[PDB]
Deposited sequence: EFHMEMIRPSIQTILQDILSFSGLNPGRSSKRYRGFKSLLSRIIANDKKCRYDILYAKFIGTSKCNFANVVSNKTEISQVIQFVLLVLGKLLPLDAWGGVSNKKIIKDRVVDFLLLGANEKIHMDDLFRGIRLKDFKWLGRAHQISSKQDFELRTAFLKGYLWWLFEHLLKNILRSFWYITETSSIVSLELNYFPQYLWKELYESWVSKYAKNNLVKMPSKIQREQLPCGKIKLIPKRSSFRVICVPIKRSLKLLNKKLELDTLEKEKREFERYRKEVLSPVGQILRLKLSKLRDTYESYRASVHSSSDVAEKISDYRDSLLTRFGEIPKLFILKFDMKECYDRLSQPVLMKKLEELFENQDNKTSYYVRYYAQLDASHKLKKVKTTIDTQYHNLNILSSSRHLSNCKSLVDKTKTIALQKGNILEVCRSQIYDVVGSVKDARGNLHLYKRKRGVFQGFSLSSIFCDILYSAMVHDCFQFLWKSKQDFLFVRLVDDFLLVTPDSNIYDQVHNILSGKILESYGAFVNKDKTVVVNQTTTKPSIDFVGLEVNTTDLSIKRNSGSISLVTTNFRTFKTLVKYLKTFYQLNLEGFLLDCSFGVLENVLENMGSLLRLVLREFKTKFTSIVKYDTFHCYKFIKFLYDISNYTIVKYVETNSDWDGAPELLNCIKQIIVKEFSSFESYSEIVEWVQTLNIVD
């Protein structure tokens, strides 16, 4: 009853022996001391009454249903509670003495703060720990030979791995349901108390199932259909419902499979995704590409936040060249509520069939995936030979129209999600509305449907009928035009139900309006702060540095930072408008200062074991500073301020790097940088 260490001593020991690559003999006596330590820890485990320990330390509260995300317990308090659990579980011997106990406790806080697929290399996490203080690593307390030292070194690393990978993780799951937030700017995790989560889950899913789901009988499990697992993701104040496809079939689920059937089901899972599902996604993405090339109405739909900024920058330059100045623009920002949930399944089906109505019933499309071209709408090496490309090979897949349409409707209708109740009995639900979020084809389905919707419902726009800007990223819409007659027509059909034929319901409350009367200083459409009456954009504070994950060397750090700076310094940020450098130099300064000090922060941690090469870093500074100037002159096509922009770069570099003895070389070099002669 509520015990952290479920596995037995033998199973635990075999888990670390396999990890460390150790294969002891049947007569080995080295691990006698460890078997004793485990028994003491398990004795402390059973003696602990964690239920009252949680109430004492954390405290029990009533389930909040108004703000469903308030139930989460702060990570700071979570870290302290597990540190209390570890102190009762692990004797001093398990910590490796006083000095190691301080280091190990410090590393636990580091591990718990990572979140969202962040990892710390075990060479970093387990560094500075005195191996000598771990007496139980061998039957003798003293190290005598090198074979003994190597063997104890492997065992200690395996033991430390079990503490963090098995023990620490199983403590978190016992008390908290750990899940990722729906946000993309912040990759922090939410720790909802386990008893509170079951109340939130049962409440939300039961209400959701009333409008979106249809309960299935137990004998639906015997059918082979797409099967996922219903989970909840809190965005900031409510829950998003997604479905994660399970790596097995409906019949074999819940749960028994152990005798290598779990692996062959997983080999069939990855096969179905790579042989039919992903090939279908390519074809469906390709069919939408042709409609983008053909119709200007399909070209209004973009597939990235970067395209939105460029579309606005193109419209700004259109008014600029045509009129010399930006007139009073009528802006219309609206979005669709529950876009994926409300989708009209039958209308989606017919729009997918219209992609193949031009061709015959058996067209036999050929697909052969290569990461160099999946979504485009540098040295690829194919033609294997006896000199250049010398069981899971790359092969061309042939899918006919009939099969493509059959698997499409299967991913729309036949998908079934499972819900395990309190007792354990699973409840299988089919969907009464649009596709489940989390399935590979659900994204492209909404793209084709909504891009078809904008085509025919807004056909008045594409009749010339010119001088307007309509853009739909995924579900948020934006319209900018000086024509008032265009403003009224789009607003008129938003007050109607013409869009309700599709799974599109306008979010009436979140519709932002800027017109001749309602004059607002600026509008945030998607992660961008578009300034009204000049169409100058500046990115909202919605992007953080990934650096922590997997980067532990100067080479890999500057490699990402270089590719990160050049990827975030896109065209729409360098626009000058012939008078304004401030909107550029301090827009660039934000990205520049944040990437430079991010390098300084990781510097002190990784310089302890790595070797810093100043000349290589100066080349990195030169590459990004050159890229900034060439991209500034490219976008504006004229440079009234290019020397001023470089002067800003140098001042930033000379400021951030005037503290350390090794940064001195940077300061002297950067001041010599200049474009003009």
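Missing from the model, relative to the deposited sequence, are the stretches 1 to 2, 380 to 392, 406 to 410.
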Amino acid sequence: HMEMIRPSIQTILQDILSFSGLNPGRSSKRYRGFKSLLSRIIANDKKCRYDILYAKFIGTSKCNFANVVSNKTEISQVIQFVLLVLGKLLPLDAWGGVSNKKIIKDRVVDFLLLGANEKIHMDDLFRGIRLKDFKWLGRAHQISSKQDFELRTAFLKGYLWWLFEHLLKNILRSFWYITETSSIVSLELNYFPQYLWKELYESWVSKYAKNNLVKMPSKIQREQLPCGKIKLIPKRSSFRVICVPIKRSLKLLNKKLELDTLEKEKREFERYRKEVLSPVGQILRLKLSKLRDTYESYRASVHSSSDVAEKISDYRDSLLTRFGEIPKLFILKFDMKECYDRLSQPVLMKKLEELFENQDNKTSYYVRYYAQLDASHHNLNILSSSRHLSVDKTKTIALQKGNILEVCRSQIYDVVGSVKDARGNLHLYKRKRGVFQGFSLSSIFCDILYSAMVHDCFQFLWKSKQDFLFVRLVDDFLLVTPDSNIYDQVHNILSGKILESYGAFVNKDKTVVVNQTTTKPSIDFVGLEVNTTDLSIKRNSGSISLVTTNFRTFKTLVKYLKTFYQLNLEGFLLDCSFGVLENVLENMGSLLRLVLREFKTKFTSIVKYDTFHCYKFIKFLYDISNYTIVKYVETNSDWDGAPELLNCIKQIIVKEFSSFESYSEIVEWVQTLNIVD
From here on, numbers count along this sequence of modelled residues.
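Of the two segments, 361 to 369 and 118 to 126, the one listed with the higher mean B-factor is 361 to 369 (C-alpha atoms only). When 80 to 88 is weighed against 406 to 414, 406 to 414 comes out higher, by mean CA B-factor as recorded in the entry. Among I397, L160, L478, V244, the highest C-alpha B-factor in the deposited entry belongs to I397. Highest C-alpha temperature factor among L137, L189, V514, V558 per the entry: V514. Residue-level temperature factors show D640 in the highest third of its chain, judged at the C-alpha atom. In the deposited entry, the Cα temperature factor of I493 sits in the top third of values across the chain's modelled residues.
When the modelled residues of the chain are ordered by their C-alpha B factor, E598 lands in the middle third. Ranked within its chain, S625 lands in the lowest third, by CA B factor from the PDB record. Placement of the Cα temperature factor of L172 within the chain: lowest third of the modelled residues, per the deposited record.
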